[PDB]
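Chemist: Sharing a structure, written as structure tokens. Questions coming.
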Amino acid sequence: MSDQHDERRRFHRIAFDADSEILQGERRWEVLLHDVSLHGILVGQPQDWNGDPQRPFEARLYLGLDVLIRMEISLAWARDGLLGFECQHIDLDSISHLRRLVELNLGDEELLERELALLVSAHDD
């Protein structure tokens, strides 16, 4: 249709204003999303929980009350407050929302096609 639509630039980075809850059935930990992809997700926790890669975690992204993104993940590595999870089961409809949002903003699906070790926070040292 057209690119020029916003005064700003649509997020060309994977970080949305969504309620990100990483839970495990009974235990909920609200967290801030830094970048999420098809291979994994990097969040930032200013509070350390248990920290066990043997414990699979649930990533529930409330993009809206009616717009729920869901994905079953496992803790791959936790380091310096940055926790990189590996994706196990992202729901088809969930992916449909995620990819559609990227498409909508024209953020390039390239971001989803990196490797978890390549996914760093907005600030790099």
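Just remember, in the structure tokens the first chain shown is A, the second B, etc., residues are 1-based per chain, and ligands are 1-based in the order shown.
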Select from stretch 10-53 of chain A every residue with an atom at most 9 Å from any atom of stretch 67-80 of chain A, then for each give the shortest pair of atoms and their distance in Å to one decimal, using only C-alpha atoms, rows by chain and rising number, as a Markdown table.
Modeler:
| residue | atom | partner | partner_atom | distance |
| --- | --- | --- | --- | --- |
| A:40 | CA | A:73 | CA | 7.7 |
| A:41 | CA | A:73 | CA | 8.5 |
| A:44 | CA | A:80 | CA | 8.9 |
| A:51 | CA | A:78 | CA | 7.0 |
| A:52 | CA | A:75 | CA | 6.9 |
| A:53 | CA | A:75 | CA | 4.6 |
Chemist: Based on DSSP run over this structure's backbone, return all residues of chain A in alpha helix (DSSP H), as a list in words.
Modeler: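 These are the residues in question: residues 92, 93, 94, 95, 96, 97, 98, 99, 100, 101, 102, 103, 104 and 105 of chain A.
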Chemist: Put those residues in a file: C-alpha atoms, as a PDB file, in the first residue's frame.
Modeler:
ATOM      1  CA  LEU A  92       0.333 -21.248  14.908  1.00  0.00           C
ATOM      2  CA  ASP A  93      -2.139 -18.447  15.583  1.00  0.00           C
ATOM      3  CA  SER A  94       0.427 -16.908  17.913  1.00  0.00           C
ATOM      4  CA  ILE A  95       2.982 -16.898  15.071  1.00  0.00           C
ATOM      5  CA  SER A  96       0.268 -15.538  12.795  1.00  0.00           C
ATOM      6  CA  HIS A  97      -0.116 -12.520  15.107  1.00  0.00           C
ATOM      7  CA  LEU A  98       3.631 -12.076  15.598  1.00  0.00           C
ATOM      8  CA  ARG A  99       4.563 -12.216  11.911  1.00  0.00           C
ATOM      9  CA  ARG A 100       1.571 -10.067  10.933  1.00  0.00           C
ATOM     10  CA  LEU A 101       2.701  -7.380  13.381  1.00  0.00           C
ATOM     11  CA  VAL A 102       6.228  -7.467  11.938  1.00  0.00           C
ATOM     12  CA  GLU A 103       4.797  -7.329   8.410  1.00  0.00           C
ATOM     13  CA  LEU A 104       2.486  -4.462   9.376  1.00  0.00           C
ATOM     14  CA  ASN A 105       5.345  -2.349  10.733  1.00  0.00           C
TER      15      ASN A 105
END
Chemist: Nearest to residue A:120: which of A:27, A:12, A:34, A:5 is it, counting only C-alpha atoms?
Modeler: A:34
Chemist: Which of these, A:42, A:61, A:47, A:36, has the shortest distance to residue A:22 once you count only C-alpha atoms?
Modeler: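 The answer is A:61, which sits nearest to residue A:22.
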Chemist: Using only C-alpha atoms, can you tell me which of A:17, A:66, A:6, A:109 comes closest to residue A:31?
Modeler: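 That would be A:17, the residue with the smallest distance to residue A:31.
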Chemist: Counting only C-alpha atoms, figure out which residue out of A:8, A:116, A:108, A:124 gets nearest to residue A:37.
Modeler: A:116
Chemist: Do a neighbour search on residue A:106 at 9 Å with only C-alpha atoms, toss out local chain neighbours closer than 6 positions, and write the hits as a VMD selection string.
Modeler: chain A and resid 3 10 to 12
